[PDB]
Amino acid sequence: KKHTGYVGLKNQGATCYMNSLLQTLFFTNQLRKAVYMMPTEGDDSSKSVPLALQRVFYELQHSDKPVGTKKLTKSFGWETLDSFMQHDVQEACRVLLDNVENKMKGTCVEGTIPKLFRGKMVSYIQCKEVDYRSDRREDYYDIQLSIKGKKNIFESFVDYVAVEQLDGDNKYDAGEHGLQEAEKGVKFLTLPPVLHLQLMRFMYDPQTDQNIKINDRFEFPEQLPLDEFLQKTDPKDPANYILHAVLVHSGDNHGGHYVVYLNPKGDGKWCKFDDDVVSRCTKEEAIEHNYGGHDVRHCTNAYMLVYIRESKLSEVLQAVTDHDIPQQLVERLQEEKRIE
Amino acid sequence: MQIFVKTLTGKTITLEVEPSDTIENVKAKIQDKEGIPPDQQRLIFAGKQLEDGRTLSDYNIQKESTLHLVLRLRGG
């Protein structure tokens, strides 16, 4: 079987959402390196998500056999008889990155996560019938992209930044003018080195009174130019992005299975990570075959995409070696192994 | 105070809230306006998923803040 060089994660049934997230984050090498620097020496291993992440990453980097995540599963606390076994990968990402970001505060790696993942946008509001305007600048760590009726990522970004009308039951509260018809638009101010895109493949269906998955065709490219969605571009640093990961969901809102396709080095050499099995695949198998629209294939398609900015790729994907793992952490982990 | 919510089609809706409103109250107002059951809603603000039991003031959500509504694709 074609050499991949990468190890999988054990299939414990419900673990797939977290396994797919872990591979995605493990191959965000600059993040992996910072995770190894977190000061977990005093952490309670039964409680510490940060130590459990260090352990998983260490084993992904060193093991020749599928890696277990039991201590992460336990400390993260999501798969339980009172909280469901199957989970959303973007939810897990938001919660895991917040946990690690907090742990890095006050340390030599503080700020790593916002430096990698956080961007800024601005919302503008202008009233139509009175002279009243406002704006508001806000941070984001991922972008929710609408897909219904949109053919591709470009169209979704076009719609994201397009002017919309605030009227009817959605009039704007214009201070002492009260509710006013207004125009509202959003523009990106910065886009981060590592860009997480959440495809909103779901809707409420009033006909059946329930939420359903949208399995429609929606295309995304290997190379993604985003300068046109910025308020102001930088001629020395165009917002050109390169596809790194495709997190694929099969099923419906209420259950299914996750895998992740990655080209870890950003070089177009893709592999499929399906729990314990890592296999080489073609670009088409990672990209076009996850566009949706086949009417299991009919409900298998991309849900989360990871792009890396071309100018940041060599730093984000910098090599990670044993020189990057503190000896104190190596010793703690080997201590655990020997004890069993 | 009026906040904004980006819906599942990327459109902006308004919501009339108070700083002391809980996240559950906000989800109920989204249900009233958009019909989405609260137990399926997730709200993202500044990269944080908002937690039931906390209030808008806990997150420094103010007039003209935008929350992002998403659902879930659960998988194992």
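Letters A, B, ... are given to chains in the order of the sequence lines, protein chains preceding strands, and every chain is numbered from 1. Both backbone and side-chain heavy atoms feed into the values below; hydrogens, waters and symmetry mates do not.
Interatomic distance, A:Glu164 CD to B:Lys6 NZ, rounded to the nearest 0.5 Å: 6.5 Å. Between A:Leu166 atom CG and B:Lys11 atom NZ the span is 8.5 Å, to the nearest 0.5 Å.
For B:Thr7, the part lying under 4.5 angstrom from a heavy atom of chain A is the backbone only. Contacts between A:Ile125 and chain B at a heavy-atom distance below 4.5 Å involve the side chain alone, from C-beta outward. In this structure, the portions of A:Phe202 lying under 4.5 Å from any heavy atom of chain B include both its backbone and its side chain. Of the atoms belonging to A:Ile147, not a single heavy atom falls under 4.5 Å from chain B. Only the side chain of A:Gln198 comes within less than 4.5 Å of a heavy atom of chain B; its backbone N, CA, C and O stay farther away. A:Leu179 touches chain B through its side chain: at least one heavy atom from C-beta onward sits under 4.5 Å away, while N, CA, C and O do not. Residue contact with chain B, scored on non-hydrogen atoms closer than 4.5 Å, involves the side chain of A:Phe84 exclusively. B:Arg42 touches chain A through its side chain: at least one heavy atom from C-beta onward sits under 4.5 Å away, while N, CA, C and O do not. When heavy atoms are compared at a cutoff of 4.5 Å, A:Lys171 approaches chain B solely by way of its backbone atoms N, CA, C and O. The parts of A:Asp169 that come within reach of chain B are both its backbone and its side chain, each placing non-hydrogen atoms under 4.5 angstrom from that chain. A:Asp98 touches chain B through its side chain: at least one heavy atom from C-beta onward sits under 4.5 Å away, while N, CA, C and O do not.
When the shell of 6.0 Å around NZ of A:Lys70 is examined, it contains 12 or fewer heavy atoms from other residues, nucleotides or ligands. Counting non-hydrogen atoms of other residues, nucleotides and ligands closer than 6.0 Å to NZ of B:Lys48 gives a total above 12. Counting non-hydrogen atoms of neighbouring residues, nucleotides and ligands closer than 6.0 angstrom, the NE2 atom of A:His298 reaches no more than 12 such neighbours. Around the NZ atom of A:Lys128, the shell of radius 6.0 Å holds more than 12 heavy atoms that belong to other residues, nucleotides or ligands. Open room surrounds CD on A:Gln126; 12 or fewer heavy atoms of other groups in view lie less than 6.0 Å from it.
Scanning both residues, A:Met200 and B:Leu8, for their nearest heavy atoms gives CE-O, 3.7 Å. Closest approach of B:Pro37 to A:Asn211, counting heavy atoms only: CD-OD1, 4.2 Å. The nearest pair of heavy atoms linking B:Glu64 to A:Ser134 is OE1-OG, 2.7 Å. Nearest heavy-atom pair across B:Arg74 and A:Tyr258 is C-CE1, 4.3 Å.
Side chain of B:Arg72 to main chain of A:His254: no donor-acceptor pair is present (N/O by atom type, distance under 3.5 Å, no hydrogens or angles). Without hydrogens or angle criteria, A:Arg136 side chain to B:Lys63 main chain gives a donor-acceptor distance under 3.5 Å. Looking only at distances, a side-chain donor or acceptor of A:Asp88 sits under 3.5 Å from a matching main-chain atom of B:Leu73.
If you tally non-hydrogen atom pairs under 4.5 Å between each of B:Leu69, B:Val70, B:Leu15 and chain A, the highest count goes to B:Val70. With respect to chain A, the highest number of heavy-atom pairs below 4.5 Å among B:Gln49, B:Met1, B:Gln62 belongs to B:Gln49. Of the listed residues (A:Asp139, A:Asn170, A:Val89), the greatest number of heavy-atom pairs within a distance under 4.5 Å of chain B belongs to A:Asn170. Across A:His196, A:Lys150, A:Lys148, A:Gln144, the residue that shares the most heavy-atom pairs under 4.5 angstrom with chain B is A:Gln144.
Residue A:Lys184 forms a side chain to side chain donor-acceptor pair (under 3.5 Å) with just one option from B:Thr66, B:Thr14, B:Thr12, and that option is B:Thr12.
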Apply side-chain contact (heavy atoms from CB on, under 4.5 Å) to B:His68 and A:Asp142, showing your working. CA-CA 11 Å; B:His68 304 271; A:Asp142 62 358; over 6 Å; no
side-chain contact (heavy atoms from CB on, under 4.5 Å) between B:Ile44 and A:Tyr140, worked out: CA-CA 9 Å; B:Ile44 310 299; A:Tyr140 63 91; over 6 Å; no
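Put simply, the side chain of B:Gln31 does not reach to within 4.5 Å of the side chain of A:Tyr204, judged on heavy atoms.
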